[PDB]
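Colleague: Let me begin by handing over the structure; questions about it come next.
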Amino acid sequence: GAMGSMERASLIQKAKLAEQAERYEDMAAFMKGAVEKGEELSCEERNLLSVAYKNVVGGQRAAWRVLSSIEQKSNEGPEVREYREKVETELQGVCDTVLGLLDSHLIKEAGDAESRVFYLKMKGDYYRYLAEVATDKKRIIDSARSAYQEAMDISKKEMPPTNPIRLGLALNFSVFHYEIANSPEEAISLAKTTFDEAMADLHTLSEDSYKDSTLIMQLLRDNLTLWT
Amino acid sequence: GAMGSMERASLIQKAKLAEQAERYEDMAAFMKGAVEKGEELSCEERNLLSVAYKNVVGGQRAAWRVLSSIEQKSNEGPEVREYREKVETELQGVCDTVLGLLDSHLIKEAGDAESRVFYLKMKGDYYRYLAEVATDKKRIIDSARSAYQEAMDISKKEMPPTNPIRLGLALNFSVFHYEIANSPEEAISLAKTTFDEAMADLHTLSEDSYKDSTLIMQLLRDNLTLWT
Amino acid sequence: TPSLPX
Amino acid sequence: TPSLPX
Ligand SMILES: *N1CCC[C@H]1C(c1ccccc1)c1ccccc1
Ligand SMILES: *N1CCC[C@H]1C(c1ccccc1)c1ccccc1
Ligand SMILES: [Cl-]
Ligand SMILES: [Cl-]
Ligand SMILES: [Mg+2]
Ligand SMILES: [Mg+2]
Ligand code: NA
Ligand code: NA
Ligand code: NA
Ligand code: NA
Ligand code: NA
Ligand code: NA
Ligand code: NA
Ligand code: NA
């Protein structure tokens, strides 16, 4: 694409600069260019990819929620609907872009459990964002579920219960159950079992790993408190 | 442009929606479309134009400052300079866009003191932002000064000393003196005389106007405290 | 519900 | 120095 002439290392370097400047659209374009070099991503590079697109779609989703709320209140001219549709289409485009990167060809080249779970968790997230605005909706929801489920199966087989990627996967799959699948009891069960199994494995961890895991465990507990 | 097919009223309506969604790039594009309909802007519409582009360039300037600081620390490969230049060019492009709207043809059609001072203050601001990154620099600085000065001359002739537009003009012209023109004593004098002349005119104001004026007066005082 | 930031 | 917001 437009990053095709820039060195892989320079794209990564500029993605890190863009993050420091809170220029997340730039950051995402740089990381897209880096992915499209065809090489697998390191752990740090996977995090950069995730941070970049998470922040881009996060702004879009928050905008979409504001406009949809106005649109709904208006139903109790076409401008509100039109502009909501404009944001929604740009949001779907970014989701399609990320899902395209995962399908071409990050996932199929990810053989290590940590990278494969990482990308499958991302796939579930971005189908979940598509589901938030969908009204093919059932197929989109099942795509999110299938991606999360494959990631869960690998993570439970290959990674300790305190692993941050596994914990973050479980947190977001539980949110999917609660917010998308209308399965609040499944969400609660998943978050509780995840929290309890990580608690029992904390004793194996260094101080630094302890901090990483307990941070995510607290977010699991926060949601359980909200849900119960 | 790309907004040429949308009604003026719809552009204004969507600019207000974009502000609520904190989508300031959209907001600016909508207000650009509205300006390019050729009609003069109301007071509320002038504020929408200002809010939109202020937020867009504000993000660019903050990004530019982050990258320039890194670039400077690096001087004690080309990626840092390149990316700083990328942001700087996009920043200059938005400044050129706003200045083009003012020159074509907002300023020449502004006959009322409040609208004319408003646009000339904007002209000074956006030349000031160009000066922040300039290394024609003297001509850019004098363009900012000339625009601010014409606005000052009109505001002192046509508007009470508590008028928010006049106060905001004086605040930003004083910042220009301190940060751009290397004239800290002129900045301090201007802010002090502005504060004192507004204080003496507060007794004429309603409760609501009192609040508007004293809010800006407090920012004048904040800068004087920083400067002394 | 809040999801996993970053 | 802080300028006039908005
Ligand atoms: N957000 C910042 C770092 C990556 C990302 C999540 C995450 C991504 C993919 C799979 C699981 C989690 C994360 C990872 C570790 C710690 C906090 C957040
Ligand atoms: N930022 C929000 C409203 C307009 C703008 C400034 C301002 C613009 C142009 C000339 C003078 C001031 C403003 C105006 C009134 C109150 C606060 C800020
Ligand atoms: Cl629209
Ligand atoms: Cl660049
Ligand atoms: Mg129950
Ligand atoms: Mg002195
Ligand atoms: Na290369
Ligand atoms: Na309308
Ligand atoms: Na749609
Ligand atoms: Na393992
Ligand atoms: Na019309
Ligand atoms: Na380099
Ligand atoms: Na330049
Ligand atoms: Na007057």
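One-based numbering along the chain as shown.
If you're wondering, the header gives X-ray crystallography, 1.7 Å.
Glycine residues also receive a Cβ, built from the backbone N, Cα and C atoms like all the rest.
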Colleague: Among A:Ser10, A:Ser50, A:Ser68, A:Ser146, which is annotated phosphoserine in Swiss-Prot?
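Modeller: Out of A:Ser10, A:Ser50, A:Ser68, A:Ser146, Swiss-Prot attaches the phosphoserine annotation to A:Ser10.
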Colleague: Give the three-state DSSP assignment (helix, strand or coil) for A:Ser10 (phosphoserine).
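Modeller: In the DSSP reduction, A:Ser10 (phosphoserine) maps to helix.
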Colleague: Just name the recorded positions among A:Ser10, A:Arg61, A:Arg128 whose Cβ comes within less than 8 Å of a chain B Cβ; none is a fine answer.
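Modeller: Cβ contacts with B, in sequence order: A:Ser10.
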Colleague: What is the three-state DSSP composition of the expression tag (A:1-5), stated as helix, strand and coil residue counts?
Modeller: 0 helix, 0 strand, 5 coil
Colleague: A:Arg61, A:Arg128: which of these recorded sites has the sparsest Cβ neighbourhood within 10 Å?
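Modeller: Least crowded of the recorded sites A:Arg61, A:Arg128, by Cβ count within 10 Å, is A:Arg61.
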Colleague: I'd like the number of other C-beta atoms within 10 A of the C-beta of A:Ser10 (phosphoserine), please.
Modeller: 19
Colleague: If I take the C-alpha of A:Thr135 and the C-alpha of A:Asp136, which enclose 2 unmodelled residues, how far apart are they in Å?
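Modeller: Cα to Cα, the distance spanning the unmodelled stretch is 8 Å.
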